[PDB]
């Protein structure tokens, strides 16, 4: 639909994150490419301030749903692409069970030929000996479904979902996500019927990279509408 023609091929991506968790300031920069026809993302993220003070897996959801594969019968429900190129604001609260929370605010928009995700993150109330600041999470990210609903009052969408992070002792750390997206422009956006996104992620390391970093492969596909 509207905005779909910006995503017909492979698109370069830039991600910039400025973060502060319990007063520990950090910065992350990512680059790679996205292919919405297959729902595929290929990115490499570097911490540009030293060692990341939180586990890389806790930043995956924060670090571009316009690259989701929406099948033909659902093309009228793709809010994310319909907002382009002006883009959208993506805001989340992420509550970690028995621990602190992240608040994130991002702008996702085209800057010329590159899709850019610029994020501010604040982390508050974390336990210095918990799973997050204590670095106790496995280096992976399991698959999740996220239900998308229309926020007709704000011409946007909303979503809430739980991420289950594997803990190195065999337990699970829950991260409860509430999300709200609002268009930056005022043109015709698509407000969808209820549906969901299915996401898979694989995390790896570049052997020739010396900085603290994360190589990320992601697949996102839409479903739930007949």
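Positions refer to the first chain, counted from 1.
Counting the deposited residues that fall between residue 63 and residue 64 and carry no coordinates gives a value of 1 to 3. For the pair 41 to 49 and 188 to 196, the mean Cα B-factor is higher in 188 to 196. Just going by the entry, 212 to 220 versus 21 to 29 on mean CA temperature factor gives the higher value to 21 to 29. Listed residues 150, 121, 84, 94 were ranked by CA B-factor as deposited; 150 comes out on top.
Residue set 143, 155, 114, 117: peak C-alpha B-factor at 155 (per PDB entry). In this PDB entry, residue 129 carries a Cα temperature factor that places it within the highest third of its chain's modelled residues.
Annotation for residue 90: C-alpha temperature factor in the lowest third relative to the rest of the modelled chain, per the entry. Among the modelled residues of the chain, residue 176 sits in the lowest third by CA temperature factor in this PDB entry.
For residue 135, the recorded CA temperature factor ranks within the middle third of the chain's modelled residues. Per the PDB record, residue ranking by Cα B-factor puts residue 75 in the highest third of the chain.
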